[PDB]
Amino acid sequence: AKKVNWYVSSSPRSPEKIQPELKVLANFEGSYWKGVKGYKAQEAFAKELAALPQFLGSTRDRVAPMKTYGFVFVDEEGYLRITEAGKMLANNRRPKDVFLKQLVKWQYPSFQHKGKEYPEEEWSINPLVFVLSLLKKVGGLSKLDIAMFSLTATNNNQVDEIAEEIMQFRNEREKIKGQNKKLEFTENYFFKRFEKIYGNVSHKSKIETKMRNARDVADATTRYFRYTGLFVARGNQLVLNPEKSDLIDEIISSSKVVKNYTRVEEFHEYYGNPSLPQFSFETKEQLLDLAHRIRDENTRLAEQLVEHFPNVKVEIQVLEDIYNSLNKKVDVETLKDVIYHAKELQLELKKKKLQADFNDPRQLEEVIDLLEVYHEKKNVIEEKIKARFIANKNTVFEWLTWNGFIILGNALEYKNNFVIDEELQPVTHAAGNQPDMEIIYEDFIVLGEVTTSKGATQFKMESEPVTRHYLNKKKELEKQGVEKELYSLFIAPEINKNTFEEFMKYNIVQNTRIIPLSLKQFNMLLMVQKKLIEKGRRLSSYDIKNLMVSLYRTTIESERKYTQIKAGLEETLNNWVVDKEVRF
């Protein structure tokens, strides 16, 4: 009956989705939750959950991950309880830190995973710390390496042996010539490995389910671990975050599989405590030093940017607002919040640092050429993307278009709604109830709405969400009294006619300002900025506003036939390009 793998559940597959599910479950604290007498509570939870804008945005499978990560448990009288770590996550306090400390203590066996299926003879592992130690030996792991090698590790001591087996696998794959030959080798090695492991002696199709489940789990694994900040992506590989060298060493040194797991209460008194483990620097004195160190990092970043990129003035002010808390209170809790917020803000500063990086024509052209990959056939897109990113090609297209906006410059905020990690690499697609990004300028806002969909499916996929996103934002800006005009820029490699006409109808009838631009037109903008930078010049905030206003006016003034509006947009775009007096 013994399980032979650990897992990060795909329910949900990215970590940030736990928090709204947990905040709902917290409402059922103190409900009877065990066996049959537990029915009406689990009933009513499952239901109030369905109600979320995580509808815009099966039921013990929903809660098991919350149990596994030590957010909730059932006490011996049978009632649902929320741990201190669950409470903190439900209130949305320092959530990445909460994940960090929970996933560090995560162990097998555990109250959730003990007894027959998890014997101590085979089982003794902290999955996250195991992958940290494995990365110290093999350098990086793709999603496929994790599925193949890491998930079936059951004991912390197995690090070196599994590292050696991976290095042997890479050395043997290296000998296979031909990229699809290398794929087979891999796929057959994967088959044969899971065959042993689940395979004592339609058999073939049974282990292929194991394989496919493992790949699913390995995706979730990389997104959860990247959340903690301990790991980042470098290409298609999960790697250690270079900025957390010391913490990773301290975590590795102090990690343990505690023996007192069989009793719910005692176990959760340790496991549900989001202060544990206590790191060496978490004293008032050393948190002050950590807060000040981060303050200097951020000031250096801002000071290096501020003359040529004065839009960093946004972060410099937020940074002051954050550190102003210590004029009022200096205790461990206030310092933790300052540190958390300042790291968040460091990530905002790194987005604006990309504007500087893109002064290098080869860095700007890297983003153009990756966007151009999306004009290629589907098999080529999947291949070129797989070799350069963890995230799927859809999430990567959001991330490339977003870097597109950063190249154009001038925004107050480049608000990606897809999740990025601590090195700004893409993780998870924007939620169904958000546009892919929201680019906020001084006096206008653009919602970037992107897709690699085509034809009828694009229409089905995009027509309603894009107009809904635009109208919800416009209502929300009116609510807040923000008086900036709102545009959505809709980008696809091939804009479907029916999708286009539907946005045209919405602009003229429902007063939206949705502008459809082909990937080809969007890359012309980037080419234009590249040529301006060659000549010591760059687009101003005015120039971007003027394009959006111009193209918008064409959508509502043009003669109504599709070919007429579409020709009008090319002309409006061509006028704006000519005016910049470039090569093209």
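Residue indices: 1-based, along the sequence shown.
Unmodelled residues of the deposited sequence between residue 57 and residue 58: 4 to 9. Higher mean CA temperature factor, per the PDB entry, when comparing 527 to 535 with 540 to 548: 527 to 535. Judged by mean Cα B factor in the deposited record, 498 to 506 ranks above the other of 401 to 409 and 498 to 506. When the C-alpha B-factors of 423, 365, 122, 442 are ranked from the entry, the top spot goes to 122. The residue among 438, 76, 296, 285 whose C-alpha atom has the highest B-factor in the PDB entry is 76. Looking at the C-alpha B-factors along this chain, the one for residue 96 belongs to the lowest third. When the CA B factors of the chain's modelled residues are split into thirds, the value for residue 16 lands in the lowest one.
In this PDB entry, the Cα temperature factor of residue 229 sits in the bottom third of its chain's modelled residues, the lowest group. Split the chain's modelled residues into thirds by C-alpha temperature factor. Residue 36 is in the highest one. Annotation for residue 414: CA B-factor lies in the lowest third of the chain's modelled residues.
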